[PDB]
Amino acid sequence: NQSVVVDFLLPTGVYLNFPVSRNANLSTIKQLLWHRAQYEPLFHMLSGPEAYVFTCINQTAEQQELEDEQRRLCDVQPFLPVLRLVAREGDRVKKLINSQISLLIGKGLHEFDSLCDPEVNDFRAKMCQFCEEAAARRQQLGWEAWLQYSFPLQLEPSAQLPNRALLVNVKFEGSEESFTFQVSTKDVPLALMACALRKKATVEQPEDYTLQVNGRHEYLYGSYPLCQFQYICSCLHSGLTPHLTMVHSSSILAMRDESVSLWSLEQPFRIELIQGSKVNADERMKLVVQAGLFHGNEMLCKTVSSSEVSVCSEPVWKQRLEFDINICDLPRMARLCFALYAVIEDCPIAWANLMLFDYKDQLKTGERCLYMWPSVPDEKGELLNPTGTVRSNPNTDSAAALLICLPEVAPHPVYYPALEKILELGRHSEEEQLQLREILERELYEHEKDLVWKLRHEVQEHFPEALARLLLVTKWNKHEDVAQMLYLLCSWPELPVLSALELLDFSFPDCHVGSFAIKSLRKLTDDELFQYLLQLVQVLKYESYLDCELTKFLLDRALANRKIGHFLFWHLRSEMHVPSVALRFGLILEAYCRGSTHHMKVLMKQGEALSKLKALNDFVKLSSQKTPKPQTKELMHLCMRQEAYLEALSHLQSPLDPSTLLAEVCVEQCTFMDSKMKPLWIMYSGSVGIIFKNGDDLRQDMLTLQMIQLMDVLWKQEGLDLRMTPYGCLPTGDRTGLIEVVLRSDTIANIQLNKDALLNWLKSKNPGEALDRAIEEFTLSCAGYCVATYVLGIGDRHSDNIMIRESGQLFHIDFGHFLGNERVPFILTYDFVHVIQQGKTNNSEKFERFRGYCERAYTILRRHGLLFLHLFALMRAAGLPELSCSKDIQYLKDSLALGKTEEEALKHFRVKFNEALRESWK
Amino acid sequence: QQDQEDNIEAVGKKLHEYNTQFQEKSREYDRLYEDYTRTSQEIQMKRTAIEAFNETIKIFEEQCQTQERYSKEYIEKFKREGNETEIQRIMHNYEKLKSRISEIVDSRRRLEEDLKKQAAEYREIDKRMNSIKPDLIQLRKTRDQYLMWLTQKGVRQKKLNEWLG
Ligand SMILES: NC(=O)c1nc(-c2cccc(O)c2)nc2c1[nH]c(=O)n2CCc1ccc(Cl)c(Cl)c1
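Residues numbered from 1 in each chain as written, not as in the entry; some residues may be left out. Chains lettered and ligands numbered in written order. Heavy atoms only, no water.

- Per the PDB record, the structure was determined using X-ray crystallography to 2.4300 Å resolution.

Have a look at this one:
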């Protein structure tokens, strides 16, 4: 309803209770409070209104000082309507930030304290310190550098070409008087600035300014020609005049401102299996606990099983399980893995894994209570689950568990040996080159593995790119070998990005390997790193410890580049509902936020917009089932026009592109579809829109779209622009995300209503001399999307999920299925071929041009095929249904024909092309 | 020596049947797993809401403590001033504060009871899943054995497709 009864606790002990309006701000509520307090006991002892701040318990069960008194009570969302007056004391900045973080990242910061965990505490202390420090350094930097941090250049793939004189609209900040004048495509932005001043000087130095794309936080600066900037490149193709505004440096500063050894212990590894708790199994059956040590994929020794105790909730074993390996042999990242089974005198109940050494390198001893995760029955059907996370299940109150006890190894605590000790032990140790060449130059076999091990020094000298192979042959259950491999690894030459990406896979768990990988990933530019950001984040789910190199790397780049930080934030935020990552991601977000107080503001606004949309979408759903679309559409609009809603949906930076300002909502233009999940279509006033979806997971679409974007870049890097439309797609929450609407477009189905409709529609949108452009845009884009969809194995392609733009560009949407989900053939559509051929039965010149486009596109992707396989291999981490296993990866090997030669592959593509053309008529 | 079957159509018929049973049993398991996840999410939400009650109650009990220490002085004052008017107001106001605590405590209790019931549901969901898993895995294996037998027999992929689909 409107009013809500609010409890007020005064600092004298007095208690007041009265109704206030839900949408009233806290400042107003203080006035109402003071007005009523004067008529209650002990008033005269109070200081003035302004000497106190309200305090509430917020949704995440934390106390919050409500410093911003312009906030509305309904927006504050206290647990119960209870407000307490306290002093304006202590480090309020620290108090304010801590509370905002909790609201922003999902998880209350207190939830981290509640775990009573040194690893958590050390992470927070060390990472928050580093992130705050980076932030403080950043504040000291100059307006140019801060602009670079905040709004990095969006350049075309040319960077990291013809000359024409074209017009630019230039104005100043504050003044309506604009200037239109010609400047060349090869002029640097500093030169264009100088012209605008010389115009102003007729009626301040040119270096005391920057150029803004007005309407947007996208700026033109640096040592690059105009045509390499995306905004100009976009305008050039379209033939439109770019509109710039010259901003003074001061204005940029304004927004800136506001003991025993391990190898000595030759004792076989053992544990006490004490007890299980909270088992929910079949009473008729019996219970067994399976165990095994692991290092990545490989077993360190054979597995061992418990006795068949009967099925009860609280089973008891008290057995020693001894393993076929000594404590001196255990590798650093040795991983003890359990699985609880229900066998009939075979159901996998649940599993749980545990690192033997802790985060400070100490060999663990004593009791341990592993809260288990339930086993998902899948195709592979393995005994244990070594790939699973080491983190315990956070549902400690309801989840099944096993109580175990690591025995005391020694009277003193024992650590895994230091690097100096590793390099000491690791130091000591025509014909053969033939066998090794063959093996490498081109899954190994026992004979081959021992050769590679013998010739491991030859691999380092002459086949440095084979490190991954040599790491897999190494016998990680023998401490001598491990030391020898690590010796080589420390002297190993820097490998390229592509190699480093492979080494981040879960097959390579050793911390020195991860360290070598990241060390090779540091040469990444921000643009390229951005292409792989999603994969790098999913690899965090393979890490053993919270404090790792990869997290540090990601936070470093997130702190130096605000675009990276933006998307890092949303990748982590979108999975905070997922139990197995909530802790790790929570901690990274906290640290990110402390180094990024400016962006926190932006992200807060976005988060509030998104929470209103969820509520808006839920209101639409409940209305749609009762009343028809017209009536529901208008009810949507009324719910939007409310002050709390409208303000929260208005005036925000877009999550899809933080440079885009979503200013005024066009409520009349907003709508939805009565489909699965009732997605909302939200329009803004340069008239951008977004789709809000709630109900589906959008992660697969984003992966697909990211791979098409990567394709586009790869093609664009070798002179080929296939005029793609890789529209933004961003998971934000639990089965929630946004899609960037593409304007001036329609679905092929809708346009098709001889059926020369496509060409007529094009004609109607590109009359006269514009049509040859439109057809060329269709041809280039149809080629690109024909290849993309073939390579990624995207089927279900129909008139509803393929769209065309008024420019002529074709593009695909709603990529629900890929990688065969059977081989998807290359597909040519008669109606597209017709349009390509300019409405003629035969147009050999044009059609061969189109065929070449397809072939060139495909040839380029093959060149970078290893990149696609590696990126897809890291996405196995994400647990997407259609990217589970080696067979899904193998789909890409075959589609790109990587075991075939370039000529062979192209001849097969041709055959497939031709057969698609034959199939086109049938 | 190598120790480790009727006509093709009859094996193929059983392949269609077992595959249908596998898809039906899989969708059942998928249903329960959606409940398992939802219930798991609801349970944490409730557990966080209990902490929120605990925290709210805490601040009220600080208010109570503050009321006692603080009032002490002023109660004494208007006693030696026949201002039992004001004493009465302070005490009555304090009795209202205590009374509101009892409402909050009762609400916390009602939720603890709900979380107890939903904790029982979680365990029941997890039980039913674990009685469905053996049927599910057995049906997957049987389905796969029938395919393998037919594939060895040289049965065409199109015939196998129509039995599976
Ligand atoms: N980028 C887009 O402009 C876009 N995108 C998706 C799309 C859908 C799913 C996954 C995805 O990756 C993309 N669908 C689109 C669309 N434009 C469009 O007319 N449709 C179809 C009809 C429709 C969809 C949603 C709503 Cl709310 C409404 Cl009212 C109508």
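From this point on, the discussion continues.
1. What to know about the overall build of chain B
Alright, step 1. When you go through chain B residue by residue, the secondary structure sums to three helices and zero strands.
Alright, step 2. In sequence order, the secondary structure elements of chain B are arranged as α-α-α.
Alright, step 3. Radius of gyration (C-alpha) of chain B: 34 Å, far over the 15 Å computed for a compact globule of 165 residues.
Alright, step 4. On the principal axes, the C-alpha backbone points of chain B span a range of 110 × 35 × 20 Å.
Alright, step 5. Here chain B holds 165 residues, and 39% of them are scored as buried.
Alright, step 6. Taking the average location of the 34 positive side-chain charges in chain B and that of its 33 negative ones, the two points are 2 Å from each other. (Helix = DSSP H or I, 4+ residues; strand = E, 2+ residues; numbered from the N terminus. Rg over C-alpha atoms; globule rule 2.2 N^0.38 Å. Buried < 20%, exposed > 50% of the residue type's maximum accessible area, 1.4 Å probe, protein only. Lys, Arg positive; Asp, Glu negative; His and termini not counted. Charge placed at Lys NZ, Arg CZ, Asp CG, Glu CD.)

2. Section: the interface of chain A and chain B
Alright, step 1. With 49 residues of chain A at the interface, the matching set in chain B holds 41 residues.
Alright, step 2. Together, the buried faces of chain A and chain B total about 4,200 Å²; carbon and sulfur atoms form 55% of this surface.
Alright, step 3. Sorting the residues of chain A by area buried against chain B places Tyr15(A), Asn280(A) and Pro377(A) first, and these three jointly supply 16% of that buried surface.
Alright, step 4. Linking chain A to chain B there are three salt bridges.
Alright, step 5. Elements supplying a minimum of two residues to the side of chain A that touches chain B: β1 (3-9), β5 (82-87), α4 (110-113) and β18 (347-355) of chain A. (Contact = heavy atoms within 4.5 Å. Buried area = accessible area lost by both parts, 1.4 Å probe. Salt bridge = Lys/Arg side-chain N within 4 Å of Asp/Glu carboxyl O.)

3. Points about the pairing of β18(A)
Residue and element names in this part refer to chain A.
Alright, step 1. Of all nine residues that make up β18, nine are buried, and the element is covered over most of its length.
Alright, step 2. The pairing of strand β17 (residues 335-343) with β18 spans eight bridges and is classified as antiparallel. From the neighbouring strand, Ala-342 faces β18, where its bridge partner is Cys-347.
Alright, step 3. Where β18 lies against strand β20 (residues 373-374), two bridges are found, and the strand directions are antiparallel. Across the sheet, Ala-350 pairs through a bridge with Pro-374, a residue of β20. (Pairing = 2+ DSSP bridges.)

4. A look at the pattern of salt bridges
Alright, step 1. In total, this model carries 58 salt bridges over all chains according to the counting rule given.
Alright, step 2. A salt bridge links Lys94(A) to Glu132(A); its shortest N-O distance comes to 3.5 Å. Of this pair, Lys94(A) sits in helix α3 (residues 92-104) while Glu132(A) sits in helix α5 (residues 118-140); the two residues are 38 residues apart in sequence, bridging distant segments of the chain.
Alright, step 3. Accessibility expressed as a relative area gives 35% for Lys94(A), which makes it partly exposed.
Alright, step 4. The exposure class assigned to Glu132(A) is partly exposed, which follows from its relative accessible area of 36%.
Alright, step 5. Of the charged contacts in the structure, one is a salt bridge between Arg47(B) and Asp397(A), with a shortest N-O distance of 3.8 Å. With one member in each of two chains, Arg47(B) in helix α1 (residues 8-77) and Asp397(A) in the loop between β20 and β21 (401-406) form a pair that bridges those chains.
Alright, step 6. If you follow the salt bridges from partner to partner, you end up with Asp113(A), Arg124(A), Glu590(A) and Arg594(A) in one network.

5. Describing the sheet that holds strand β16 (residues 316-326) of chain A
Residue and element names in this part refer to chain A.
Alright, step 1. Read from one edge of the open sheet, four strands run β16-β11-β21-β19, paired in antiparallel fashion. Either end of the sheet is taken by a strand with one partner, and the two such strands are β16 and β19 (366-371). Each neighbouring strand pair of the sheet contributes to a mean axis angle of 25°, computed without reference to strand direction.
Alright, step 2. As paired elements, β19 and β21 share six bridges and run antiparallel to each other. Counterpart to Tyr-371 in the pairing with β21 is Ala-401. (Axes fitted to C-alpha atoms, helices over the stretch in contact; angles between N-to-C directions.)

6. Some words on the nonpolar core
All names here are of chain A.
Alright, step 1. Grouped together as the largest cluster of nonpolar side chains are 244 residues, with contacts concentrated most on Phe-269 and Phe-323.
Alright, step 2. Per-element tally for this core: the top contributor is helix α29 (residues 771-792), with 14 residues.
Alright, step 3. Domain assignment of the residues forming this core places at least three in each of domain 1 (268-406) and domain 2 (419-602).
Alright, step 4. Among residues more than four places away in sequence, those in contact with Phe-323 are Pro-268, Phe-269, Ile-271, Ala-291, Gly-292, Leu-293, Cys-301, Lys-302, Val-304 and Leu-336.
Alright, step 5. Formed by 33 residues, the second largest nonpolar core is a distinct cluster that contains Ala-159, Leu-220, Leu-226 and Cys-235. (Core = buried A, V, L, I, M, F, W, Y, C linked by side-chain atoms within 4.5 Å. Domains from an automatic or database assignment.)

7. Examining the packing of aromatic side chains
Alright, step 1. Per the stated rule, a full pass over the model turns up 32 aromatic pairs over all chains.
Alright, step 2. Plain terms: the ring middles of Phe569(A) and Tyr592(A) are 6.1 Å apart, the flat faces sit at 40° to each other, and that makes the pair tilted. Here the residue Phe569(A) occupies a position in helix α21 (residues 562-573), and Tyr592(A) occupies one in helix α22 (residues 582-594), the gap between them amounting to 23 residues. The same class applies to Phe569(A) as to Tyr592(A), namely buried.
Alright, step 3. What links up through ring pairs into an aromatic cluster is the set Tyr790(A), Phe826(A), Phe847(A), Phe850(A), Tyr858(A), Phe909(A) and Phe913(A).
Alright, step 4. Here the guanidinium or amino end of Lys629(A) rests over the ring plane of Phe672(A), the centre of that ring lying 5.4 Å away.
Alright, step 5. Taking NZ or CZ as reference, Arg143(B) lies 5.1 Å from the ring centre of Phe22(B), over its face. (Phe/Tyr/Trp six-rings, centres within 6.5 Å; stacked < 30°, edge-to-face > 60°. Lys NZ or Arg CZ within 6 Å of the ring centre and 35° of its normal.)

8. Description of the side chain of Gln64(A)
Residues and elements named next belong to chain A.
Alright, step 1. Examined against the element boundaries, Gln-64 turns out to sit in strand β4 (residues 63-65).
Alright, step 2. Here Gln-64 falls in the buried class, since its relative accessible area comes to 11%.
Alright, step 3. In terms of polar contacts, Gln-64 uses its side chain to reach the side chain of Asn-58, at 3.0 Å. (Polar contact = N/O pair within 3.5 Å; in protein donor to acceptor, adjacent residues only side chain to side chain.)

9. Concerning unusual backbone geometry
Outside of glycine, negative phi angles account for most residues, and trans bonds account for most peptide bonds.
Residues and elements named next belong to chain A.
Alright, step 1. Positive phi, close to 60°, is recorded for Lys-278, a residue that is not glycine.
Alright, step 2. Here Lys-278 lies in the loop between β11 (268-277) and β12 (286-295).
Alright, step 3. Even without being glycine, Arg-735 reaches a positive phi, approximately 40°.
Alright, step 4. Topologically, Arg-735 is positioned in the loop between β27 (729-733) and β28 (736-740).
Alright, step 5. Looking at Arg-735, the relative accessible area reads 39%, which means it is partly exposed.

10. Describing the environment of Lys199(A)
Residues and elements named next belong to chain A.
Alright, step 1. Checked against the element boundaries, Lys-199 lands in helix α7 (residues 189-202).
Alright, step 2. The partly exposed category is assigned to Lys-199, whose relative accessible area is 36%.
Alright, step 3. Placed 18 residues apart in sequence, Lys-199 and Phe-181 show a C-alpha to C-alpha distance of 10.0 Å.

11. Thoughts on the sheet that holds strand β30 (residues 802-805) of chain A
Residue and element names in this part refer to chain A.
Alright, step 1. Strand order in the open sheet made by the three strands is β29-β30-β31, with antiparallel pairing throughout. In this open sheet, the two edge strands, each paired with only one partner strand, are β29 (745-747) and β31 (810-812). Taken over all neighbouring pairs, the strand axes of this sheet differ in orientation by 30° on average, direction set aside.
Alright, step 2. Sheet analysis places β29 next to β30, joined by three bridges and oriented antiparallel. Paired with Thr-747 across the strands is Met-803, a residue of β30.
Alright, step 3. This element, α29, spans β30 and β31 of the sheet and lies at about 25° to β31.

12. Let's talk about the site of the ligand
Residues and elements named next belong to chain A.
Alright, step 1. Taken together, the neighbourhood of the ligand is formed by 15 residues, with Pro-679, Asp-701, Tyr-727, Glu-740 and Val-742 sitting nearest.
Alright, step 2. Interatomic distance of 2.6 Å between a side-chain N/O atom of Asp-701 and an oxygen atom of the ligand.
Alright, step 3. Across the complex, the protein chains shield 85% of the 620 Å² of accessible surface that the ligand would expose by itself.
Alright, step 4. The set of elements that each furnish at least two residues to the shell around the ligand consists of β25 (680-683) and β28.
Alright, step 5. Across the shell around the ligand, the residue classes tally to twelve nonpolar, no polar and three charged. (Near = heavy atom within 4 Å. Areas by Shrake-Rupley, 256 points an atom, 1.4 Å probe, with all protein chains shown as cover. Nonpolar A, V, L, I, M, F, W, Y, C, P; charged D, E, K, R; others polar.)

13. A few points about the packing of helix α26 (residues 699-717) of chain A against helix α32 (residues 865-874) of chain A
Residue and element names in this part refer to chain A.
Alright, step 1. Running from amino to carboxyl end, α26 crosses α32 at an angle of 160°, the nearest separation of the two axes being 12 Å. As the angle between them shows, α26 and α32 are arranged roughly antiparallel. Like other packed secondary-structure pairs, α26 and α32 cross with a definite hand, here right-handed. Every residue of α32 that contacts α26 at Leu-703, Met-707, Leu-710, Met-711 and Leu-714 is listed here: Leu-867, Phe-868, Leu-871 and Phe-872.
Alright, step 2. By residue class, the composition of the contact of α26 with α32 is nine nonpolar, no polar and no charged. (Parallel < 35°, antiparallel > 145°, perpendicular 65-115°, else oblique. Left-handed = near helix turned anticlockwise from the far one by under 90°.)

14. Observations concerning the pairing of strand β10 (residues 243-248) of chain A
Side-chain positions along a regular strand alternate between the two faces of the sheet.
All names here are of chain A.
Alright, step 1. Looking at chain direction, strand β6 (residues 165-172) and β10 are connected through four bridges and run parallel. Across the sheet, the residue bridging to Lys-171 is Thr-245, located in β10.
Alright, step 2. By the bridge criterion, five bridges tie strand β8 (residues 209-213) to β10 in an arrangement that is antiparallel. Bridge pairing in β10 places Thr-210 opposite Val-247.

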